[PDB]
Amino acid sequence: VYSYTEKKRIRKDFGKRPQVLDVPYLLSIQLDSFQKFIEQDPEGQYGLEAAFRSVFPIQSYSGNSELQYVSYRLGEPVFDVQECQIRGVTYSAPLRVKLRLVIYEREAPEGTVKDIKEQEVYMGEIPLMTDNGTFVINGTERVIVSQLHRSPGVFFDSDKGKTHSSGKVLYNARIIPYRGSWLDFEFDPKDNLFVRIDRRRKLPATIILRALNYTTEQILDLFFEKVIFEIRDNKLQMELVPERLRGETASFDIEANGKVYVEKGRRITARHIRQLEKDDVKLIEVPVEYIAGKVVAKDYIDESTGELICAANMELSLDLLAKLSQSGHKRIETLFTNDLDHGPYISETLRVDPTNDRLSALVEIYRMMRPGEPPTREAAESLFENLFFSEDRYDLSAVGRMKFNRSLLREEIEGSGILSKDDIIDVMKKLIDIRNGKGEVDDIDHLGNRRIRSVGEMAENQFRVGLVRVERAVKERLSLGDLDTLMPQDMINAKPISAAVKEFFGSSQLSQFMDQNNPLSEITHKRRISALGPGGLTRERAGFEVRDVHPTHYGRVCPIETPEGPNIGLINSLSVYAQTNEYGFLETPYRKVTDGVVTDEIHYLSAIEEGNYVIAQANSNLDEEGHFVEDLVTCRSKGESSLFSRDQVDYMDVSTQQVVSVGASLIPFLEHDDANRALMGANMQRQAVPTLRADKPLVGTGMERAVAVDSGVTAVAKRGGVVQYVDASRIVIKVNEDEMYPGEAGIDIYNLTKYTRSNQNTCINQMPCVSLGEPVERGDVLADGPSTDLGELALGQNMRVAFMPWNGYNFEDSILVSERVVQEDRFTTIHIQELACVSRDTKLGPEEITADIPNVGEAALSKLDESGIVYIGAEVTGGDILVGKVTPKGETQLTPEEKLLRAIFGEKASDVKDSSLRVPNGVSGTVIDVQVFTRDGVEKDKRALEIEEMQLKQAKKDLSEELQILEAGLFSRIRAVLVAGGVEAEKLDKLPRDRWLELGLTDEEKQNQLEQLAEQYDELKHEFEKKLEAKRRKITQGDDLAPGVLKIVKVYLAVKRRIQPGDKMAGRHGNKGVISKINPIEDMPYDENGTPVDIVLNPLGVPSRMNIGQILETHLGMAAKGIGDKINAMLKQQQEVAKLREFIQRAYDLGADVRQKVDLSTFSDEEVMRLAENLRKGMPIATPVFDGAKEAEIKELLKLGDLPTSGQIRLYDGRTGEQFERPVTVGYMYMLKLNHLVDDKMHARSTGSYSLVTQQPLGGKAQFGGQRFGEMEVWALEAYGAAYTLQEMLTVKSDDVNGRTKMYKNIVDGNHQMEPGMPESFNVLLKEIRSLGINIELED
Amino acid sequence: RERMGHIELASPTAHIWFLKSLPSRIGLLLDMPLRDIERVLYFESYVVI
Amino acid sequence: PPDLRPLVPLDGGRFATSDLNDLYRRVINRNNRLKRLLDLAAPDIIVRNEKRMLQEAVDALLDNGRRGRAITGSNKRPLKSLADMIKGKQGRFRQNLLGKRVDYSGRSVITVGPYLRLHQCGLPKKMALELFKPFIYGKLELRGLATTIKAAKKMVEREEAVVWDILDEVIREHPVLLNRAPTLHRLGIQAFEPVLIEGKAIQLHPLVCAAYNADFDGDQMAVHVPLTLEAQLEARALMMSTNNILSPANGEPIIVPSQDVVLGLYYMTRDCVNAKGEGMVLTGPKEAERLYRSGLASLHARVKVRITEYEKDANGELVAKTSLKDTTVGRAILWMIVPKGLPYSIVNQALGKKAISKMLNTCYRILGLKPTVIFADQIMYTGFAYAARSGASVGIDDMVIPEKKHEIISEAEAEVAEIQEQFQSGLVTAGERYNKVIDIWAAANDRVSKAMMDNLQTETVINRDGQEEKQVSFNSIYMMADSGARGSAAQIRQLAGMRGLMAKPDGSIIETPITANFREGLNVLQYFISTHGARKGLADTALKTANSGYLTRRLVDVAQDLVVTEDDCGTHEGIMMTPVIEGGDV
DNA sequence: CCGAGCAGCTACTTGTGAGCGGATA
DNA sequence: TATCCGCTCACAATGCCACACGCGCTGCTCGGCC
Ligand SMILES: [Mg+2]
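Structure below.
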């Protein structure tokens, strides 16, 4: 079974890996993200409930007045997406929130609140994305890319090498919340520990530790262990465990139980440890000079004198030892210090701790946070408790707590948003351990540590940023509001939140309009992951670590799709089968592998769980029953390829395309190309321009059937039905009986979009590709959009290409083209440019768009209409006034009598200024559409009336089609009900029943049914009239433009630009070039059969830049064309359908054990002829990214046709007419015309305008400006001689306000001699320095 | 292009370039640490004369 | 000054103002407020705070952001002060004093011009018209064609048939300056005589763009007009392409031929063992060219011809000697191009890149500069022509896979397997295992590369009245590689043979090599490791060109403070130059 | 009261060099 | 008290080109010898 569009023209496929997971929705990421944004979710989960329940409710300053939040709702969009595009307003929706003001009387803290005010209030509008994941803010379609940043949680960086130049590696722990204040623990070059709060002063960690009501003994018991020294008869015996002395030398005779164990000066070895553990002894004998090196743990108080003998973190001395012995403390707890197990880091941080108690710690940390402002202890504590433990300024999200609990090896993964003392204790212990040697650092180059945020999360963040401002506003407004004086509507304003969301969608480092030039760019732009913007690094401050791609990027992000230039690696494209995890990570599907069989199920593994299991090779030769043909298999354990067994593996790749992007999967024979060429090709395919007539690519990849369908460029069938009405503008389909709704249903209508300007000055047009009466299925394509062909992506065009030098015209990378290409309307494209004319309201009278243009003849005004706008279809090549804008300059109050008089008699209209808008000098073409928007109040000109009347006629045509269908059904029903009165029906109801429903007899049932049907009829008519009136009021409603404008006029100039020497064209393997010189058809080389070649590339570009696959593709292309040729030879000569069917079967049954297995005997024996007709142009061939056709398959496919097997054919010269030796290869290659047309690059200026800040010539191509003589150009010129040349290039041609005029006057008078003068910008610098307190002066 | 005017400041002020040169001119000329000169400049302390 | 302050009437009641205007206005506001407070006898603390605020305002006007608090005026962006209008890459020095935009300039995408001579270049018609409008006006006023400037301007706008000849006359000997966007050395800007061409692209000579480092994949270059007699004479005298044949860095010529011409000449001179007309005799190179173009003989075949060479004696004499040589028809045909001074031993070679470069070097050394330009031009012409007539083409069957590559790969696999067995036996540790795997894979890669080379050289046997006469391989990819045209040894090794070893992020070498090539299919993980290793080298240049530009700017700033101002200093001290022999031999 | 212009609603760069305490003999 | 060491702050980080876009709303304060 195959789809209906596949029955039109099924594409031959190769490959031997039967895929198990189909291609998912290419735009599922942003669609699912925005679906998670706007929806009623309980438990305050992602979207909008979290932002509300986190901020709301709000309470006054103990005023018993609370504002509760119940729910929210999104109203219907006030304008459709098409209406928003044609008008320019945003495709947004209202946000009505039902709030609850519960204010209660005084003298009752928890008194039962009464006089509840439950009210729905509107607060700003939010932009809704279309079915394609695009936002329409101001006419254009803006897409929000997903941002890759650091996952909230904890990280452990290892600063080595140059860091501190001391040869000591430091380890710094960073706690980064999702929203709040950071935390950073680190070590000095010494063994000191310090902490900082958001890049503040480096201060010790014991102070912030004791800030949370922590004493010294508690900290010491938490961090370090306890060594017990007992006061025995003498020698102060000590407990011993043979594992704590591992690695130390014996400074004394370690002997116990009357038996020597370790001698003085013997390092305790592992055998010594085993010997000391065999007897299991604890108490030994230790000298007096050994205790002096240790240090007491806790503060031991005296009971005789009531004083302190010794404090913590103070090394013991002999006098202190005698004191503590005479005090009576038998058990003395000391620290266990060992550089290999427990490095002393808290002891030093303790002895550098200036403050001891909790209160001075708080005031010191307050002084460290805020300069000065010395509070008391209770006033300072507010800051320390509000910065790290308040849920309003610390917002560790669910993924943050998850990563935090996973990093510290904790079972539970849930928690709160605020921190806790035990968490800080644990992270400090982890830092100490990772310094001691136990534990490894967490690299930043790991997808498990890099979190991806979608448009929904950024929108929620900005919503919260606005909500905190509105919260402060409503809190300061609630300071005076009392009971029974205000509804919960006036205290809330739309301003902050609405503006916040609007600016987040309008102007940001992520808010950009989509590059609407081809569906491939549309898909690769929405699946684009950036590292810039807020919360991400900058390209100017990025190291060689974020640019490099990790082995953890396998299947989660493409490694070959990257914009080469200023940001390499920072901007990537998501993988094909990559999905967004619930927590916000990159998940990749994998097939679960059991002992012997690989079950056809999928598990979406995360980034952290990759190293735990092992993944099997994607293209590993596998046997039946989910087995491997070989015992050993190529796998990867932890980002390292290796060789494993057939049973140790646990997971397999789902397919072979998940490693590349969707923009890279369309590169045929990608496995035969280098990484650099593949990157340059996949990037250039993004810049394809839609040709005038699309055409199927021969050497395809199979994925093309998805991009052109999964996107929103083509007309997809929402309900499969029968074609009713085919037209270039609209397509009307009749829904099948089953798919049709059982009530108030009808037929579907798709309004195709005609030639309209895109976001890159390209034409976007949809062409119907269905026939009348042809049944279509649901999801099938109906109309091919730009660069599409029967539901298949088709960017460029296939051409006959040879590879041989031709008189150096393909010198380095230049492309040679025959006149046959440009003559056949092949690469000619359409460019649509928008020109705006605004009638701004100024003083002295507003502007007019009339047609009375004085100081000019009729030739320049012959293209203007009665209203003052150029006609629809009026060509223009030079500067010509296409809209009659005039503005009054002096006295207003020009009487209408004298106004019409000036148009007939009298003098000219004075107060005009001739400020009309004309087309710039250099652009040509024919205007195809004019747009006008009039503010409510200004007189609508008759052209706007005509435009709205035309669109109303269109909408009325649709509504009348619907109404006539419903009325035909209803009249069939009335015929079915009055059949009882048959003779009068057939007599006086054949012609006149359509207007004479009035009948009557036999009341009981006939009157009942007739009345029911008449009621249905009048209700239907009234409903359709209501729909028509609503549409009229909608399309006639004037849109707002700006404060101080009357009307805005827009025109669209469409120019057809053909290929010419100077254009940039490229294949699909990074072989770019420029058309060197168009050639006559006779001069181009031709084969011994007479078919001339179209494109003659340079074969020398293949070896160095290793893109060989194209050649293969070329070969395959030839084979494809060959088959088509045969079909043409079978179509021109009238052949029976049996021979054609057998030939197509033999072609599709190529001997490669492919997974296609299509049969021709199942077709209708009629669509076979249509399919063959759709194959005479060639045989479309699909090719997986890595399972492509081998050499032998292409060889046998070529030998199927009459083409030579070697792929190289003898070629004759077009000029000399002789045979080229060394038979050149030739085939059919798919090429692309890049969006770098020469007509927008060539530019020149003799003498134009000059800047006002300094008298220097402008540049650019839009304005008539020259080029910039760069500083390196000045260096190269002064490296030469040319002193006069530099002096003229600097001031005489650019800056001399009085020299360039003199030089021009001399040149036009035949005088080639210059005058130095003085550069004006130098005087500008003199004035600027003089504007300062610095005096600059020229001497004699 | 060349005619200039002026502003008669009621209070004579310091030139930030000569005060934030690192080393600043006044910081070396007046043999006074830049911290104290900045303290005097922003009116949070006094200097005797 | 007021007009020096940017303030232009924007669309509507709003005006596009400067950042200095807000500064000056705030300064004036606070000054007026302070003057008011001083008259009302305000409290000491109030006037103190007012003086502090006025000080803040004036120091922000002087240099905003230096005090510590970068105030914003609009858009929440740092405001522009007077110091900001001088410093950085946006002050007057970097933007409006050193490099300024010039008039009479243009810009366009480049394209290959293979017919124009070395000293000239192409130029679009509309471009040339727009550049030389004043010269056209002057020449129109000269003849009895245009009385005033308005008539000439209208005729130029209309572009009558009487103005094209004027444009051809004004660009008869008026050179222009071609300039690449990134300028590195003196050759970043050159002078060329323009010839008018109907089109929108700039036709460029193929032998000069190599100096420009300008490929034809869409590079746009700029054009400038000298506009002065001194200027035109300087551009014709110094900045001309003919006057710059040796790079200022090294004495090696910068006019070295590119890949196309050298491939054509290599194919022309690469002789086979048997072809059409092997063993015959030819009188002169003209008869050889006649016999070749007639098709009665091949292009490369050992033939005994007679050459008439010329040798330069001690004085300016050119002695002539006629002798019979045994050379290929290609060399004999190419001999009609070289001037008389050069001997025949320079053509009787395979004529690779190094060979043709040293040939041009010897030509410039013996014959000077005047004939060297036309010699190189004729070299390029003949190379293009014969490379076109040759039919060089790369194909799938052209790249051959070594038949014994499979057994070598299997032997290396057995070796790494027994090494892993030894490691599992506990005898060898992990580091020595890694080293013994890396070196074994390197030896296997060297063996398979030597095999691929000696295989690409063989299977070229042709019967010349005998049984087998194995010769130099005529494979197209080998012709493009061995001749040094475009392909190197390592490139073709990665192409046909195994790619070898790759790298990991830190810089080490992975223990699993890429046992596949490009012609054969590449595994998914192999291609992943390949692109991982290649992205590093790709981003390398993209990040490093910035440091290169900064270094160039620093170096030129340290430079340009000295010129040759004396003819002799009159000292005797110097440096003792010695050939360094550290490390290797020398 | 009127009009005109202007204000509130931060942290993966790293390295280099210079300056300012600061603590150790 | 001199003097090396550690912490803090100023300054730098190609070049070109091409396209597109932007600085709002309510609120506050100053404007004026005919
Ligand atoms: Mg280039």
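Residue numbers (the entry's author numbering), protein chains in the order written: chain U, 2 to 1341; chain L, 99 to 147; chain E, 246 to 831. Beta carbons are placed, not taken as given, at the ideal position from N, Cα and C, and that holds for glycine.
Asked: For ligand 1, any of its heavy atoms closer than 8 angstroms to the Cβ of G463 of chain E?; Found: yes
Asked: Closest by CA to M459 of chain U, which one among U:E334, U:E565 and U:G585?; Found: U:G585
Asked: What's the gap between the Cα of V1239 of chain U and the Cα of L606 of chain U?; Found: 48 angstroms
Asked: How far does the alpha helix (DSSP H) with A312 of chain U in it reach, from first residue to last?; Found: No alpha helix (DSSP H) holds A312 of chain U; DSSP gives it neither H nor E.
Asked: Taking 9 angstroms as the threshold (beta carbon to beta carbon), is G1300 of chain U in contact with chain L?; Found: no
Asked: Just tell me which of U:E602, U:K719, U:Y726 and U:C559 has its CA closest to the CA of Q659 of chain U.; Found: U:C559
Asked: Between the C-alpha atoms of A675 of chain E and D1154 of chain U, what's the straight-line distance to the nearest angstrom?; Found: 43 angstroms
Asked: Say the cut is 8 angstroms; is the CB of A1183 of chain U nearer than that to a heavy atom of ligand 1?; Found: no
Asked: For ligand 1, any of its heavy atoms closer than 8 angstroms to the Cβ of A446 of chain E?; Found: no
Asked: Could you name the residues of chain L that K1234 of chain U contacts, counting a contact when the two beta carbons are closer than 9 angstroms?; Found: Those within 9 angstroms of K1234 of chain U in chain L number zero; the least Cβ separation is about 49 angstroms.
Asked: I want to see whether chain E comes within less than 9 angstroms of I147 of chain L, judged by CB atoms only; does it?; Found: no
Asked: Report the neighbours of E106 of chain L on chain U: residues whose CB is nearer than 7 angstroms to its CB, in chain order.; Found: Correct list: empty, because the minimum Cβ distance to chain U is about 15 angstroms.
Asked: In this structure, how does DSSP classify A298 of chain U when only helix, strand and coil are distinguished?; Found: coil
Asked: When you compare the CB positions of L385 of chain E and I411 of chain E, do they come within less than 9 angstroms of one another, or not?; Found: yes
Asked: Using a threshold of 8 angstroms, is the CB atom of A741 of chain E nearer than that to any non-hydrogen atom of ligand 1?; Found: no
Asked: Applying the 10 Å Cβ sphere with the 16-neighbour rule, what's the burial state of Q688 of chain U?; Found: buried
Asked: Could you confirm whether any beta carbon from chain L is found closer than 9 angstroms to the beta carbon of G294 of chain U?; Found: no
Asked: Less than 8 angstroms between the CB of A459 of chain E and some heavy atom of ligand 3, yes or no?; Found: No copy of ligand 3 occurs in the structure displayed; its ligands are ligand 1 alone.
Asked: So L317 of chain U and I285 of chain U are supposed to be a Cβ contact under 8 angstroms. How far apart are they, rounded?; Found: Not really, about 19 angstroms apart at Cβ, beyond 8 angstroms.
Asked: By the criterion of Cβ-Cβ separation under 7 angstroms, what are the contact partners of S109 of chain L in chain E?; Found: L279, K296 and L299
Asked: Can you give the beta carbon distance from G612 of chain U to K639 of chain U, rounded, assuming they're within the 8 angstroms contact cut?; Found: 4 angstroms
Asked: Let me check understanding here. Comparing Cα to Cα, which of U:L409, U:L998, U:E1006 and U:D601 lies closest to residue 1 of chain U?; Found: Since the first and last residues shown for chain U are 2 and 1341, residue 1 of chain U lies out of range.
Asked: Along the region 117-136 of chain L, where does the CB come closer than 9 angstroms to a CB of chain E? Name the residues.; Found: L117 and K118
Asked: Could you check what DSSP says for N424 of chain E in three-state terms: helix, strand or coil?; Found: strand
Asked: In chain order, what residues of the same chain have a beta carbon less than 6 angstroms from the beta carbon of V442 of chain U, not counting five sequence neighbours either side?; Found: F157 and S159
Asked: Taking the alpha carbon of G1045 of chain U as the point to measure from, which residue in U:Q1134, U:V839 and U:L862 has its own alpha carbon closest?; Found: U:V839
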